[PDB]
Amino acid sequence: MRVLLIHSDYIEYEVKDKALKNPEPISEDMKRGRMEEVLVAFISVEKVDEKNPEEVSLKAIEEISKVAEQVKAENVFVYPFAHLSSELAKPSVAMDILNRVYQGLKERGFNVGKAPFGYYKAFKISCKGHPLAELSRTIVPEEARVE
């Protein structure tokens, strides 16, 4: 999994065309969204992640939480972004992992937002530009799955 962390003043998105023949169904309310004073987590689910989906999600929740604490962000935005990697995991698995992370983050008590999976989206972001406002993490499975 590849993760690009951007501490921003805001993040806005607007769903455009479907990128997958059949993407995650959503309502009018989800077409667009906006968060402020937020740590934006652009995430690319890689093939390897298919090995131990649960392991990776936990790892990412941990890594993402740590940066949030460091930069002191109470808001985190999970953003499906399939361009941080060129070895992508299949959609079904990707959407699942992305959901766990999101869920795991709310479990940590952060205010969390997200963009819908499987669409091309327009977006506007404003990175603060501090030493810690731009970070990356590569998280891969290191254990066998048990299911």
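Throughout, we count residues from 1 along the sequence that is shown. Between two forms, the rigid core is the largest collection of C-alphas that superpose within 1.5 Å.
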Check your understanding: Of the stretches 24 to 32 and 60 to 68, which sits farther from where it is here in 4 other deposited structures of this protein, on average over its Cα atoms, after fitting the core?
Key -> 24 to 32
**Study point:** Mean Cα B-factor comparison, 107 to 115 or 28 to 36, giving the higher one as deposited
**Key:** 28 to 36
Review point. Per the entry, where is the mean C-alpha temperature factor higher: 51 to 59 or 64 to 72?
Key: 51 to 59
Exercise for review: Sort 17, 12, 9, 134 by C-alpha B-factor from the entry and give me just the highest.
Suggested key: 17
Practice item. Among all modelled residues of this chain, ranked by Cα B factor, put residue 82 in the bottom, middle or top third, i.e. lowest, middle or highest. Key: middle
Review point. Taking the C-alpha B-factors as the PDB entry records them, is residue 94 in the lowest, middle or highest third of its chain?
Key: middle
Study note, to complete from the structure: Chain thirds by Cα B factor, record data; residue 88 belongs to the highest
